[PDB]
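First up is the structure itself, then whatever we jot down about it.
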Amino acid sequence: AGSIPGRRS
Amino acid sequence: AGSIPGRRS
Amino acid sequence: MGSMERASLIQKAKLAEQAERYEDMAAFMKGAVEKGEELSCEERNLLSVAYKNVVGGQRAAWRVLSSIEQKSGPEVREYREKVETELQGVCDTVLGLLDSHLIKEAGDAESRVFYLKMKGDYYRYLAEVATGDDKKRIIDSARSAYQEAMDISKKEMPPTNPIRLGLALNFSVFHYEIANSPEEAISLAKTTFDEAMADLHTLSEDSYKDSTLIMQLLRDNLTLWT
Amino acid sequence: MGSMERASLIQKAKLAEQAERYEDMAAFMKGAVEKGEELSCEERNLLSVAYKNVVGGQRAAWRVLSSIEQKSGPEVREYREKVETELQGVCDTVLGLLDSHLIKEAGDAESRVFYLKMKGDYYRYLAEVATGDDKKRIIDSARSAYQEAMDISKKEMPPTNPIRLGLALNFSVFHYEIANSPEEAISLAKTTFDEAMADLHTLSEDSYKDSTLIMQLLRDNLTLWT
Ligand SMILES: *Cc1ccc([N+](=O)[O-])c(OC(=O)Cc2cccc(OC)c2)c1
Ligand SMILES: *Cc1ccc([N+](=O)[O-])c(OC(=O)Cc2cccc(OC)c2)c1
Ligand SMILES: *Cc1ccc([N+](=O)[O-])c(OC(=O)Cc2cccc(OC)c2)c1
Ligand SMILES: *Cc1ccc([N+](=O)[O-])c(OC(=O)Cc2cccc(OC)c2)c1
Ligand SMILES: *Cc1ccc([N+](=O)[O-])c(OC(=O)Cc2cccc(OC)c2)c1
Ligand SMILES: *Cc1ccc([N+](=O)[O-])c(OC(=O)Cc2cccc(OC)c2)c1
Ligand SMILES: [Cl-]
Ligand SMILES: [Cl-]
């Protein structure tokens with residue numbers, strides 16, 4: 001399902 | 001302020 | 001895109017819209033325009049949606065960077081300038097499609113008004129970032145395109161036609177945000193809204209929904225401006 | 001980017017993040033890596049955020065197109081293939097940065113684990129689109145990178161360390177979605193969550209907030225999987 005979103009520093 | 005959003009066909 | 005069939009470019013633009021790949025969508029629709037045939041109503045909408053999304057992301061980034069620069073080494077200015085140049089290049093590409101040769105071949109009011117509204121819109125986006133000795137000339141180019149579209153729309157379309165309404169909305173934004181004419185913006189939005197209201201009785205349920213959606217945008221601006 | 005100073009590339013990556021210009025951000029951070037110096041913790045995070053956003057948009061578009069293709073002329077397949085090739089090229093670029101020479105110079109556990117987790121992630125994104133005679137080899141490359149990162153993390157970091165937690169989360173997703181090993185996915189997420197819970201008492205308020213945020217993601221997956 002969800003990996004680390006990881007899209008915001 | 002708002003023009004036509006215009007971003008979806 | 002010269003080696004791809006027109007119909008395949010159109011199909012791929014529709015897929016790129018579904019995939020939210022707007023740069024691809026704009027490239028497919030530029031390729032379709034460059035085939036040299038006139039665009040249908042649905043194809044005009046694909047062209048406009050594609051470029052509105054591309055230039056909308058650029059404008060949002062330019063505003064973020066411009067705000068940081070105004071609060072503020074050379075890096076913020078350099079990067080704002082990079083984004084600004086890219087935005088200008090997209091607007092010049094759209095304007096060049098309209099000038100070669102979409103406007104000159106557009107004889108029906110629906111197509112001619114649509115393309116002249118686009119021309120006003122993309123000069124307006126150029127005006128948003130302009131500062132040098134051409135800011136005035138860019139503003140006048142937007143105004144002239146919107147005014148010719150208005151003159152045709154008032155003669156050839158009912159006051160509820162969605163293109164006529166969206167033209168008036170965007171010309172009122174031009175007056176308020178670019179031309180420093182808030183009273184002209186307010187007058188145009190109010191007259192447009194009132195004349196559309198008085199024509200709603202002529203519409204089907206689905207046309208009513210299309211027109212009232214744009215009327216609400218005029219109302220939303222009037223609420224912010226008054 | 002070879003003519004721009006390292007510090008200016010880093011500054012521009014931070015501005016590109018604020019402007020939501022992730023392709024620019026990735027290009028700035030590639031330029032910074034190619035200066036040849038090791039990355040600080042904050043610089044590693046900028047590199048990862050940039051490429052995660054670029055590849056995340058590509059993956060979302062590939063999934064839209066793949067769904068339309070599976071429901072379905074050659075256009076949908078051709079355009080899915082175009083997006084797939086672009087996605088593969090971005091993953092190969094990231095993998096090439098890690099191999100030349102970020103991993104080999106990374107000696108501290110925090111940096112080495114971070115880069116090996118990235119290596120597993122970008123092979124996992126390659127595996128999502130793979131079908132040919134290399135699907136198995138791509139899956140094994142993801143597994144090997146995640147396993148080496150796990151082995152270092154278990155020896156060198158506490159069970160609440162956010163990198164260790166995010167590694168375990170993403171390796172559990174690999175087991176569930178790529179390796180067809182849902183029971184391994186569930187076991188890893190449960191053991192990771194339980195061992196972190198038992199170490200929360202050692203943390204400050206701010207470290208507690210960082211660790212519990214990732215623990216909630218493990219819990220969210222366990223809720224979907226059980
Ligand atoms: C691999 C990894 C594990 C843990 C963490 N973390 O501590 O958050 C990261 O870094 C990020 O996830 C960066 C991030 C933070 C908030 C939002 C977001 O995108 C929505 C990304 C990485
Ligand atoms: C210039 C113009 C006027 C009126 C209309 N319209 O009838 O909607 C359009 O077309 C669009 O606005 C396309 C559109 C529809 C829904 C959402 C959206 O982006 C959010 C765009 C154009
Ligand atoms: C499918 C396609 C053909 C041609 C072009 N193009 O004009 O280069 C594109 O462009 C894009 O879709 C996206 C893009 C490419 C390079 C840079 C960029 O700036 C962000 C966007 C697509
Ligand atoms: C004069 C006028 C005509 C039409 C409409 N409309 O079509 O909705 C409005 O709406 C408003 O201007 C509302 C307003 C009132 C006070 C303050 C304010 O700004 C926050 C908005 C007006
Ligand atoms: C500032 C900068 C330098 C170099 C490059 N590059 O690697 O070509 C970029 O790329 C982009 O930021 C965006 C982009 C350009 C072309 C195509 C594309 O595909 C959508 C994205 C930026
Ligand atoms: C076995 C287990 C351990 C830990 C957690 N957790 O840390 O939250 C969970 O959460 C769930 O699995 C919840 C669940 C129960 C029934 C159905 C379902 O799927 C819709 C989820 C479990
Ligand atoms: Cl014609
Ligand atoms: Cl080192």
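Every chain in the structure tokens has a letter given in the order shown (A, B, ...), and although residue numbers restart at 1 in each chain, ligands are simply numbered from 1 in the order shown.
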* Asked: Residues at most 9 Å from stretch 2-9 of chain B, counting only C-alpha atoms, excluding those fewer than 6 positions away in the same chain, as an NGL selection string?
  -> :C and (14 or 17 or 42 or 45-46 or 48-53 or 56 or 166-167 or 169-174 or 214 or 217-218 or 220-221)
* Mind checking which residues fall within 10 Å of residue C:129, counting only C-alpha atoms, ignoring those fewer than 4 positions away in the same chain, and posting them as a ChimeraX atom specification? => /C:59,62-63,66,81,84-85,87-88,124-125,135
* Distance filter 12 Å, only C-alpha atoms, chain C against chain D, as a ChimeraX atom specification -> /C:4-22,24-25,28,54,57-69,73-80,82-83
* Near-ligand residues for ligand 6, threshold 12 Å, only C-alpha atoms and all ligand atoms, as a count of residues only -> 29
* **At most 9 Å from ligand 8 (only C-alpha atoms and all ligand atoms): residue list as a ChimeraX atom specification** => /D:38,102-108,111
Let me see the file: selected residues, N, CA and C atoms, as a compact mmCIF listing (two decimals), in the first residue's frame.
# COMPACT_ATOMS: atom_id res chain seq x y z
N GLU D 38 30.68 14.40 -0.91
CA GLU D 38 29.61 13.73 -0.18
C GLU D 38 28.48 14.73 0.14
N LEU D 102 28.00 7.73 -4.87
CA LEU D 102 27.48 8.05 -3.53
C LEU D 102 27.60 6.88 -2.55
N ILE D 103 27.23 5.66 -2.97
CA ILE D 103 27.28 4.54 -2.03
C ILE D 103 28.70 4.23 -1.61
N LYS D 104 29.62 4.17 -2.57
CA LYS D 104 30.96 3.72 -2.20
C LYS D 104 31.65 4.69 -1.28
N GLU D 105 31.29 5.96 -1.28
CA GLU D 105 31.94 6.86 -0.36
C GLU D 105 31.20 6.98 0.96
N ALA D 106 30.02 6.37 1.09
CA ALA D 106 29.20 6.53 2.30
C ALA D 106 29.63 5.54 3.38
N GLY D 107 30.25 6.04 4.42
CA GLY D 107 30.77 5.18 5.48
C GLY D 107 29.99 5.23 6.78
N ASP D 108 29.29 6.32 7.01
CA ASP D 108 28.48 6.37 8.20
C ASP D 108 27.19 5.63 7.96
N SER D 111 24.24 7.61 6.27
CA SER D 111 24.28 7.86 4.84
C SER D 111 24.20 6.57 4.05
* To do: Kindly give the distance, in Å, that separates atom 17 (C, counted along the ligand's line) of ligand 1 and atom CA of residue D:160, rounded to a single decimal.
  => 17.7 Å
